[PDB]
Amino acid sequence: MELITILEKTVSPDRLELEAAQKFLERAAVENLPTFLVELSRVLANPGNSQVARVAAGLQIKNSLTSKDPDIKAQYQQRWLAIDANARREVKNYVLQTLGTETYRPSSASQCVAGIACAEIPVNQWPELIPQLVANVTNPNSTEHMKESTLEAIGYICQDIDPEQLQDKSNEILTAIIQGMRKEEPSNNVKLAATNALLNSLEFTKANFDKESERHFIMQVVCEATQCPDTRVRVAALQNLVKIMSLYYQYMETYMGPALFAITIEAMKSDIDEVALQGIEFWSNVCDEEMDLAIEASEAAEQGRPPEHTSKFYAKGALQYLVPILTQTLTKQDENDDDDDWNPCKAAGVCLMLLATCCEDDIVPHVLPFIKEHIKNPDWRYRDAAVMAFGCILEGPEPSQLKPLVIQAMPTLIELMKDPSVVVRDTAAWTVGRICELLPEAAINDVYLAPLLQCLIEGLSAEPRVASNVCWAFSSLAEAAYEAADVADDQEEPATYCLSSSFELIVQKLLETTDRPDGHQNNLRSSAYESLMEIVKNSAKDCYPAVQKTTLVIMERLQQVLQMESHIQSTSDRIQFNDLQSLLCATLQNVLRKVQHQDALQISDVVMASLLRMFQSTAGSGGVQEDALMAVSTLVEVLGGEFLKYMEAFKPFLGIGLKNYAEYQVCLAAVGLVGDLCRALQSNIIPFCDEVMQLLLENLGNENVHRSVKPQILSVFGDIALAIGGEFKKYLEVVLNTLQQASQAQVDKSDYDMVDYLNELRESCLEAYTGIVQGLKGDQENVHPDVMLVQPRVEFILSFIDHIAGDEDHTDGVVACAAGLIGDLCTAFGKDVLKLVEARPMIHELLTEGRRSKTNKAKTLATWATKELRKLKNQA
Amino acid sequence: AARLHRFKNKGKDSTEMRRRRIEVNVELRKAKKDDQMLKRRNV
């Protein structure tokens, strides 16, 4: 039956026809890919076919050739490259002739071309594509539709396919796109399609980007495009210019003066949202890359080397024009303001923040008059502008130069705190929160502290859109109280603080706002609790009964947590269920770290039962169960040697904990938790060591797990030896053989992430080797005979660090833990290793930078090692 | 692209809080670990 009828049906509004057509298409493509694709290409190539059917065929071919999931794309490429070359060429010709025969504005065949080329180029089965497209572009007889279809296909090509496979054939494509970029083209559609294509292709223009003439011609083309009356071409050329800026900051100095900056400011001055927004985006990208180059210059200066790239302070020279227009457009707010939609106003705000970061102290004289004049205007627009600018420019200059202004303007700020206009109140709350976050010295002022604190205290009862902001302001005040309190009252712990004088007042109110029905709005429920963690943290010794009281309250929430296992009705409800558990589980460990051991004993029993049940109730959604076990671990870090009463009801829970083998995150803490048990249970884990150690090798054997977990298994390996001492003899011979392979594993220097991946991998190797050495050695007696079992392997380990000593990536941690081996082995053996180390000379230079390494822990192990050799040489 | 994360206080999401909590946890664990190692090895 006619497949054109299928194409018509798969666009008509009927679910049954859609699913039936999709099933037929998939079944026939799987059964007979070549014939089906040939028939589809022949059908779509016919100009006389209905445009709807042609679009349907194009989208179906795109779906068959490409999809969202990368692995499905890869397997479909492998399926496609196995088709015989005759049908390949036939469909190539059919799709090539299809373009130019469609009245549709976008080319449905562009997606098909992209899909076929996706595996054509890597196998190089379609080398005539570039000359074919060049001829299509250069043909004078070519019509609008043919040109735009070719341009769209080229854009999809340069968008989807891996950039490396197009490296060799870039020059002619760039030549074709530039020849098709001539402004003499009467249709704007061709210009916009070419602009989309080139902007999506810039990732490999370096082949033709070097030439001065080509660069000038391309830039003149884009500059003339920026003058086109059509605004879509305006925005396309502006985005293209933005991406050039993001790519080639080195050379734009030759051209900033003539055209670029004038076009950018003209784009800003436009009343149209899009053009102005693109101008903001361009200048913000300039700002960000100026940050990156400033960072590079700082690294070069501290290193003494000349930086690879050099900046010229573009924003420093442009701020004099940037400030007034940005400030003016800051006032374009709307009464029915929203936050889900990006607007020119918030773009102006973020751009102003970035410019303030870049210019340091060169913004204050250029913005102070506006805020000073418009902080008191009767209309809320200009007051909003002034207060938001005052908040946004808060960073960049040193606090000392800003102190007089903030200290003399704070009364005005608490004045605008109270005005009935909601939007200005919201901005005022944000400003005071940020002013507390950045500079605390001005926030601490009893002349103003009590009135402003009271004001925000009643303000938190208002709508959530200000409640969340004022809650974070409370949190900011909390860590400010910390930072100025640990220096004010005592060092080991605060005894009594000024904010703490009203601590009982604020804390219960946070519970009230926690129970607000609108807590879901503006993340209020997650607002108080995060603020709650910090405010409970700032518990001076006089606040102890207060924090005991809220502790007496919190388990009731957990007692509540026991009792809605039947009200899970929606995924969002389950999501909110999942969200609530994560915060609550963090709450105890937040508060359990600042209580008394005796006070922890009574709550320990009820805590365990609550934690016992919830690990199994939520079998699915393991993300929250990640937070569970470290919360249980926190009990171990405080309960200590009284925790042994629960292992008999903990071992199966630990077993199922590591029984996932799918998610690394759960085992990430699981290997940590057992590592935490050793530092507390000490030698009492020996009966339980057999079960976990056997389980541990199983995770070692399974290679399906990620690579980042692998160092962690080595992390627990070292410490368990210390906990059990010499009992590790039974499993001793196993680990070195397993560790021999991982240590001997090596890779090239291509990807930095795996270079750092091996860095922590070798790092874990070193600490594990120390742990077994320390465990077999004992505590106070001489070297135990248990160390002889690893003696033959010490030379190979010395060779492993030799290769690491030859490595060039390096980090403070890598060298530091490296020093641990020599100190441990020298204590372990002494004479036996003196000759062994002397065979390798590169260790002597490795310790030289150890003395130079800035990290104290690096230095300590560095000096720990070197002094050990000295006594050994002088021993004999 | 969408750089909204620097706007207002939108940069406070549950995922961000989770990652902050776990990184503070890992620094605490590391500090305890090398503390114990330092006391038991030598001053």
# chains A, B, ... in the order shown; residues from 1 in each chain; ligands from 1
>>> interface_residues(of="chain A", to="chain B", cutoff="8 Å", atoms="only C-alpha atoms", output="CSV table (one decimal) with C-alpha atoms, in the first residue's frame")
chain,number,residue,atom,x,y,z
A,342,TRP,CA,14.8,35.6,31.1
A,346,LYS,CA,17.8,40.6,34.7
A,349,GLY,CA,21.7,43.1,36.3
A,350,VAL,CA,23.9,40.1,35.7
A,430,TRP,CA,17.9,40.8,48.6
A,469,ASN,CA,15.1,36.0,50.5
A,526,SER,CA,14.3,24.0,51.8
A,579,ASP,CA,13.3,16.1,49.2
>>> atom_distance(atom1="atom CA of residue A:528", atom2="atom CA of residue A:455")
17.7 Å
>>> residues_around(residues="stretch 673-679 of chain A", least_positions_apart="2", cutoff="9 Å", atoms="only C-alpha atoms", output="PDB file with C-alpha atoms, in the first residue's frame")
ATOM      1  CA  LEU A 629      24.285   5.984  55.727  1.00  0.00           C
ATOM      2  CA  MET A 630      26.571   8.969  56.265  1.00  0.00           C
ATOM      3  CA  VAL A 632      24.205   6.916  60.386  1.00  0.00           C
ATOM      4  CA  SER A 633      27.972   7.324  60.111  1.00  0.00           C
ATOM      5  CA  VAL A 636      29.558   6.562  64.819  1.00  0.00           C
ATOM      6  CA  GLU A 637      31.791   9.640  64.779  1.00  0.00           C
ATOM      7  CA  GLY A 640      32.411   5.943  69.326  1.00  0.00           C
ATOM      8  CA  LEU A 654      25.644  -3.018  55.492  1.00  0.00           C
ATOM      9  CA  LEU A 668      31.098   5.879  47.759  1.00  0.00           C
ATOM     10  CA  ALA A 669      29.811   6.511  51.272  1.00  0.00           C
ATOM     11  CA  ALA A 670      29.586   2.787  52.031  1.00  0.00           C
ATOM     12  CA  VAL A 671      33.332   2.347  51.631  1.00  0.00           C
ATOM     13  CA  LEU A 681      35.221  -0.072  66.477  1.00  0.00           C
ATOM     14  CA  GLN A 682      39.022  -0.574  66.375  1.00  0.00           C
ATOM     15  CA  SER A 683      39.860  -4.293  66.811  1.00  0.00           C
ATOM     16  CA  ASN A 684      36.248  -5.349  67.437  1.00  0.00           C
ATOM     17  CA  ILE A 685      35.490  -5.390  63.685  1.00  0.00           C
ATOM     18  CA  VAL A 692      32.952  -7.527  54.162  1.00  0.00           C
ATOM     19  CA  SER A 715      41.206   3.889  50.601  1.00  0.00           C
ATOM     20  CA  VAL A 716      39.543   1.449  52.999  1.00  0.00           C
ATOM     21  CA  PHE A 717      42.275  -1.128  52.354  1.00  0.00           C
ATOM     22  CA  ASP A 719      43.002   1.607  57.458  1.00  0.00           C
ATOM     23  CA  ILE A 720      41.366  -1.780  58.077  1.00  0.00           C
ATOM     24  CA  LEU A 722      45.490  -0.711  61.265  1.00  0.00           C
ATOM     25  CA  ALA A 723      42.215  -1.657  62.959  1.00  0.00           C
ATOM     26  CA  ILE A 724      42.928  -5.402  62.862  1.00  0.00           C
TER      27      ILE A 724
ATOM     28  CA  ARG B  29      36.483  12.924  56.825  1.00  0.00           C
ATOM     29  CA  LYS B  33      41.825  10.794  58.759  1.00  0.00           C
ATOM     30  CA  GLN B  36      44.631  10.361  63.263  1.00  0.00           C
TER      31      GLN B  36
END
>>> residues_around(residues="residue A:542", least_positions_apart="6", cutoff="10 Å", atoms="only C-alpha atoms", output="PDB file with N, CA and C atoms, in the first residue's frame")
ATOM      1  N   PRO A 494      31.751  29.450  71.292  1.00  0.00           N
ATOM      2  CA  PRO A 494      31.171  30.718  71.724  1.00  0.00           C
ATOM      3  C   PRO A 494      30.446  30.533  73.061  1.00  0.00           C
ATOM      4  N   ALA A 495      30.492  31.544  73.929  1.00  0.00           N
ATOM      5  CA  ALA A 495      29.797  31.453  75.209  1.00  0.00           C
ATOM      6  C   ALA A 495      28.493  32.239  75.217  1.00  0.00           C
ATOM      7  N   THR A 496      28.509  33.466  74.701  1.00  0.00           N
ATOM      8  CA  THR A 496      27.306  34.293  74.632  1.00  0.00           C
ATOM      9  C   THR A 496      27.534  35.364  73.580  1.00  0.00           C
ATOM     10  N   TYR A 497      26.609  35.492  72.634  1.00  0.00           N
ATOM     11  CA  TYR A 497      26.743  36.478  71.574  1.00  0.00           C
ATOM     12  C   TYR A 497      25.538  37.406  71.523  1.00  0.00           C
ATOM     13  N   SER A 500      22.863  35.899  69.648  1.00  0.00           N
ATOM     14  CA  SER A 500      22.436  34.780  70.476  1.00  0.00           C
ATOM     15  C   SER A 500      21.546  35.221  71.629  1.00  0.00           C
ATOM     16  N   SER A 501      21.576  36.505  71.993  1.00  0.00           N
ATOM     17  CA  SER A 501      20.698  36.996  73.051  1.00  0.00           C
ATOM     18  C   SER A 501      19.230  36.854  72.670  1.00  0.00           C
TER      19      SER A 501
END
>>> residues_around(residues="stretch 850-855 of chain A", least_positions_apart="6", cutoff="9 Å", atoms="only C-alpha atoms", output="list in words")
residues 812, 813, 815, 816, 819, 861, 862 and 863 of chain A
>>> write_last_selection(atoms="N, CA and C atoms", output="PDB file, in the first residue's frame")
ATOM      1  N   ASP A 812      49.996  18.408  45.046  1.00  0.00           N
ATOM      2  CA  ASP A 812      50.495  18.394  46.416  1.00  0.00           C
ATOM      3  C   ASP A 812      50.154  17.083  47.113  1.00  0.00           C
ATOM      4  N   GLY A 813      48.945  16.565  46.887  1.00  0.00           N
ATOM      5  CA  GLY A 813      48.562  15.313  47.517  1.00  0.00           C
ATOM      6  C   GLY A 813      49.393  14.137  47.043  1.00  0.00           C
ATOM      7  N   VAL A 815      52.528  13.946  45.840  1.00  0.00           N
ATOM      8  CA  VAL A 815      53.877  13.907  46.390  1.00  0.00           C
ATOM      9  C   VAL A 815      53.837  13.669  47.893  1.00  0.00           C
ATOM     10  N   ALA A 816      52.843  14.240  48.578  1.00  0.00           N
ATOM     11  CA  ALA A 816      52.779  14.115  50.031  1.00  0.00           C
ATOM     12  C   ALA A 816      52.603  12.663  50.454  1.00  0.00           C
ATOM     13  N   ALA A 819      55.673  10.492  50.081  1.00  0.00           N
ATOM     14  CA  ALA A 819      56.635  10.520  51.175  1.00  0.00           C
ATOM     15  C   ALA A 819      56.265   9.556  52.292  1.00  0.00           C
ATOM     16  N   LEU A 861      55.268  15.403  55.800  1.00  0.00           N
ATOM     17  CA  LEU A 861      55.694  14.111  55.280  1.00  0.00           C
ATOM     18  C   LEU A 861      57.002  14.231  54.514  1.00  0.00           C
ATOM     19  N   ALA A 862      57.239  15.379  53.877  1.00  0.00           N
ATOM     20  CA  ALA A 862      58.508  15.594  53.190  1.00  0.00           C
ATOM     21  C   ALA A 862      59.670  15.563  54.172  1.00  0.00           C
ATOM     22  N   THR A 863      59.587  16.361  55.239  1.00  0.00           N
ATOM     23  CA  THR A 863      60.645  16.338  56.242  1.00  0.00           C
ATOM     24  C   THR A 863      60.651  15.024  57.009  1.00  0.00           C
TER      25      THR A 863
END
>>> residues_around(residues="residue A:86", least_positions_apart="3", cutoff="12 Å", atoms="only C-alpha atoms", output="list in words")
residues 34, 35, 38, 82, 83, 89, 90, 91, 92, 93 and 125 of chain A
>>> select_by_dssp(residues="stretch 445-475 of chain A", states="helix (DSSP H, G or I)", output="ChimeraX atom specification")
/A:446-459,464-475
>>> write_last_selection(atoms="C-alpha atoms", output="PDB file, in the first residue's frame")
ATOM      1  CA  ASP A 446      23.559  47.555  67.516  1.00  0.00           C
ATOM      2  CA  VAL A 447      22.532  51.094  66.542  1.00  0.00           C
ATOM      3  CA  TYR A 448      20.700  49.488  63.617  1.00  0.00           C
ATOM      4  CA  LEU A 449      20.784  45.743  64.352  1.00  0.00           C
ATOM      5  CA  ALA A 450      17.682  45.537  66.546  1.00  0.00           C
ATOM      6  CA  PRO A 451      15.375  47.643  64.306  1.00  0.00           C
ATOM      7  CA  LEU A 452      16.413  45.908  61.078  1.00  0.00           C
ATOM      8  CA  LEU A 453      16.268  42.493  62.741  1.00  0.00           C
ATOM      9  CA  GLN A 454      12.767  43.189  64.044  1.00  0.00           C
ATOM     10  CA  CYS A 455      11.723  44.497  60.626  1.00  0.00           C
ATOM     11  CA  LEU A 456      12.841  41.391  58.762  1.00  0.00           C
ATOM     12  CA  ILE A 457      11.407  39.278  61.587  1.00  0.00           C
ATOM     13  CA  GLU A 458       7.874  40.460  60.893  1.00  0.00           C
ATOM     14  CA  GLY A 459       8.658  40.589  57.175  1.00  0.00           C
ATOM     15  CA  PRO A 464       7.045  33.632  49.945  1.00  0.00           C
ATOM     16  CA  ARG A 465       8.744  35.715  47.248  1.00  0.00           C
ATOM     17  CA  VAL A 466      10.187  37.806  50.083  1.00  0.00           C
ATOM     18  CA  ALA A 467      10.132  35.007  52.681  1.00  0.00           C
ATOM     19  CA  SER A 468      12.823  32.976  50.912  1.00  0.00           C
ATOM     20  CA  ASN A 469      15.074  36.008  50.515  1.00  0.00           C
ATOM     21  CA  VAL A 470      14.674  37.060  54.142  1.00  0.00           C
ATOM     22  CA  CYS A 471      15.348  33.480  55.260  1.00  0.00           C
ATOM     23  CA  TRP A 472      18.638  33.468  53.388  1.00  0.00           C
ATOM     24  CA  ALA A 473      19.310  36.884  54.911  1.00  0.00           C
ATOM     25  CA  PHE A 474      18.814  35.284  58.331  1.00  0.00           C
ATOM     26  CA  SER A 475      21.276  32.567  57.364  1.00  0.00           C
TER      27      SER A 475
END
>>> residues_around(residues="stretch 755-758 of chain A", least_positions_apart="5", cutoff="9 Å", atoms="only C-alpha atoms", output="VMD selection string")
chain A and resid 707 to 708 711 746 to 750 763 809 to 810
>>> atom_distance(atom1="atom CA of residue A:493", atom2="atom CA of residue A:538")
9.4 Å
>>> decode(residues="stretch 1-27 of chain B", atoms="N, CA, C and O atoms", output="PDB file, in the first residue's frame")
ATOM      1  N   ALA B   1      24.851  30.863  27.387  1.00  0.00           N
ATOM      2  CA  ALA B   1      23.444  30.505  27.241  1.00  0.00           C
ATOM      3  C   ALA B   1      22.632  31.010  28.428  1.00  0.00           C
ATOM      4  O   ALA B   1      22.771  32.160  28.842  1.00  0.00           O
ATOM      5  N   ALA B   2      21.787  30.142  28.975  1.00  0.00           N
ATOM      6  CA  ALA B   2      20.954  30.499  30.119  1.00  0.00           C
ATOM      7  C   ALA B   2      21.832  30.575  31.358  1.00  0.00           C
ATOM      8  O   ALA B   2      22.070  29.573  32.033  1.00  0.00           O
ATOM      9  N   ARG B   3      22.319  31.778  31.664  1.00  0.00           N
ATOM     10  CA  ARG B   3      23.143  32.025  32.840  1.00  0.00           C
ATOM     11  C   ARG B   3      22.323  32.561  34.007  1.00  0.00           C
ATOM     12  O   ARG B   3      22.813  33.384  34.787  1.00  0.00           O
ATOM     13  N   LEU B   4      21.077  32.106  34.135  1.00  0.00           N
ATOM     14  CA  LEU B   4      20.196  32.585  35.192  1.00  0.00           C
ATOM     15  C   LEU B   4      20.722  32.253  36.580  1.00  0.00           C
ATOM     16  O   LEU B   4      20.274  32.854  37.561  1.00  0.00           O
ATOM     17  N   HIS B   5      21.671  31.321  36.684  1.00  0.00           N
ATOM     18  CA  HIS B   5      22.135  30.864  37.987  1.00  0.00           C
ATOM     19  C   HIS B   5      22.845  31.954  38.778  1.00  0.00           C
ATOM     20  O   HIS B   5      23.032  31.799  39.988  1.00  0.00           O
ATOM     21  N   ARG B   6      23.241  33.044  38.133  1.00  0.00           N
ATOM     22  CA  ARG B   6      23.854  34.165  38.832  1.00  0.00           C
ATOM     23  C   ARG B   6      22.853  35.250  39.203  1.00  0.00           C
ATOM     24  O   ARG B   6      23.262  36.300  39.712  1.00  0.00           O
ATOM     25  N   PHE B   7      21.563  35.026  38.972  1.00  0.00           N
ATOM     26  CA  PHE B   7      20.537  36.041  39.177  1.00  0.00           C
ATOM     27  C   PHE B   7      19.830  35.839  40.508  1.00  0.00           C
ATOM     28  O   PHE B   7      19.382  34.728  40.815  1.00  0.00           O
ATOM     29  N   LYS B   8      19.728  36.917  41.282  1.00  0.00           N
ATOM     30  CA  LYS B   8      18.905  36.963  42.494  1.00  0.00           C
ATOM     31  C   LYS B   8      19.464  35.913  43.451  1.00  0.00           C
ATOM     32  O   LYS B   8      20.681  35.898  43.698  1.00  0.00           O
ATOM     33  N   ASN B   9      18.643  35.027  43.996  1.00  0.00           N
ATOM     34  CA  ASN B   9      19.107  33.874  44.747  1.00  0.00           C
ATOM     35  C   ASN B   9      18.597  32.590  44.111  1.00  0.00           C
ATOM     36  O   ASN B   9      18.142  31.671  44.793  1.00  0.00           O
ATOM     37  N   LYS B  10      18.649  32.524  42.784  1.00  0.00           N
ATOM     38  CA  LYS B  10      18.267  31.303  42.089  1.00  0.00           C
ATOM     39  C   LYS B  10      19.332  30.222  42.188  1.00  0.00           C
ATOM     40  O   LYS B  10      19.063  29.072  41.824  1.00  0.00           O
ATOM     41  N   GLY B  11      20.526  30.558  42.669  1.00  0.00           N
ATOM     42  CA  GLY B  11      21.607  29.597  42.747  1.00  0.00           C
ATOM     43  C   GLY B  11      21.574  28.729  43.986  1.00  0.00           C
ATOM     44  O   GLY B  11      22.619  28.271  44.456  1.00  0.00           O
ATOM     45  N   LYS B  12      20.379  28.492  44.524  1.00  0.00           N
ATOM     46  CA  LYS B  12      20.188  27.669  45.719  1.00  0.00           C
ATOM     47  C   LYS B  12      19.201  26.565  45.357  1.00  0.00           C
ATOM     48  O   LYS B  12      17.995  26.705  45.568  1.00  0.00           O
ATOM     49  N   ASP B  13      19.717  25.469  44.812  1.00  0.00           N
ATOM     50  CA  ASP B  13      18.903  24.335  44.407  1.00  0.00           C
ATOM     51  C   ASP B  13      19.280  23.112  45.230  1.00  0.00           C
ATOM     52  O   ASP B  13      20.403  22.997  45.730  1.00  0.00           O
ATOM     53  N   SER B  14      18.321  22.191  45.352  1.00  0.00           N
ATOM     54  CA  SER B  14      18.522  21.015  46.191  1.00  0.00           C
ATOM     55  C   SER B  14      19.762  20.236  45.771  1.00  0.00           C
ATOM     56  O   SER B  14      20.498  19.726  46.622  1.00  0.00           O
ATOM     57  N   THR B  15      20.010  20.134  44.464  1.00  0.00           N
ATOM     58  CA  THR B  15      21.222  19.470  43.997  1.00  0.00           C
ATOM     59  C   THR B  15      22.468  20.205  44.471  1.00  0.00           C
ATOM     60  O   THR B  15      23.445  19.580  44.906  1.00  0.00           O
ATOM     61  N   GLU B  16      22.454  21.537  44.391  1.00  0.00           N
ATOM     62  CA  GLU B  16      23.594  22.311  44.862  1.00  0.00           C
ATOM     63  C   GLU B  16      23.800  22.124  46.357  1.00  0.00           C
ATOM     64  O   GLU B  16      24.932  21.944  46.818  1.00  0.00           O
ATOM     65  N   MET B  17      22.714  22.145  47.132  1.00  0.00           N
ATOM     66  CA  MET B  17      22.839  21.917  48.567  1.00  0.00           C
ATOM     67  C   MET B  17      23.408  20.535  48.849  1.00  0.00           C
ATOM     68  O   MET B  17      24.247  20.371  49.741  1.00  0.00           O
ATOM     69  N   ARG B  18      22.965  19.532  48.092  1.00  0.00           N
ATOM     70  CA  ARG B  18      23.459  18.175  48.287  1.00  0.00           C
ATOM     71  C   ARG B  18      24.955  18.095  48.020  1.00  0.00           C
ATOM     72  O   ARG B  18      25.707  17.495  48.799  1.00  0.00           O
ATOM     73  N   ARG B  19      25.408  18.701  46.918  1.00  0.00           N
ATOM     74  CA  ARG B  19      26.828  18.613  46.596  1.00  0.00           C
ATOM     75  C   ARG B  19      27.664  19.379  47.615  1.00  0.00           C
ATOM     76  O   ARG B  19      28.742  18.917  48.011  1.00  0.00           O
ATOM     77  N   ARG B  20      27.171  20.530  48.079  1.00  0.00           N
ATOM     78  CA  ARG B  20      27.879  21.244  49.136  1.00  0.00           C
ATOM     79  C   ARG B  20      27.967  20.404  50.403  1.00  0.00           C
ATOM     80  O   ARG B  20      29.031  20.314  51.028  1.00  0.00           O
ATOM     81  N   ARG B  21      26.863  19.770  50.796  1.00  0.00           N
ATOM     82  CA  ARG B  21      26.889  18.961  52.007  1.00  0.00           C
ATOM     83  C   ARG B  21      27.897  17.828  51.886  1.00  0.00           C
ATOM     84  O   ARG B  21      28.692  17.593  52.804  1.00  0.00           O
ATOM     85  N   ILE B  22      27.904  17.131  50.746  1.00  0.00           N
ATOM     86  CA  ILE B  22      28.817  15.998  50.646  1.00  0.00           C
ATOM     87  C   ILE B  22      30.260  16.470  50.570  1.00  0.00           C
ATOM     88  O   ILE B  22      31.164  15.777  51.056  1.00  0.00           O
ATOM     89  N   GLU B  23      30.529  17.641  49.981  1.00  0.00           N
ATOM     90  CA  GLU B  23      31.930  18.047  49.927  1.00  0.00           C
ATOM     91  C   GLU B  23      32.412  18.490  51.303  1.00  0.00           C
ATOM     92  O   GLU B  23      33.546  18.194  51.691  1.00  0.00           O
ATOM     93  N   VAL B  24      31.561  19.169  52.078  1.00  0.00           N
ATOM     94  CA  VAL B  24      31.948  19.460  53.458  1.00  0.00           C
ATOM     95  C   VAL B  24      32.182  18.163  54.220  1.00  0.00           C
ATOM     96  O   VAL B  24      33.120  18.054  55.024  1.00  0.00           O
ATOM     97  N   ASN B  25      31.346  17.155  53.966  1.00  0.00           N
ATOM     98  CA  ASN B  25      31.537  15.860  54.607  1.00  0.00           C
ATOM     99  C   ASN B  25      32.893  15.262  54.257  1.00  0.00           C
ATOM    100  O   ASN B  25      33.582  14.719  55.128  1.00  0.00           O
ATOM    101  N   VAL B  26      33.291  15.340  52.985  1.00  0.00           N
ATOM    102  CA  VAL B  26      34.542  14.689  52.609  1.00  0.00           C
ATOM    103  C   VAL B  26      35.736  15.457  53.162  1.00  0.00           C
ATOM    104  O   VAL B  26      36.732  14.844  53.562  1.00  0.00           O
ATOM    105  N   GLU B  27      35.674  16.794  53.218  1.00  0.00           N
ATOM    106  CA  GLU B  27      36.755  17.508  53.899  1.00  0.00           C
ATOM    107  C   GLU B  27      36.824  17.131  55.373  1.00  0.00           C
ATOM    108  O   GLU B  27      37.920  16.962  55.919  1.00  0.00           O
TER     109      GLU B  27
END
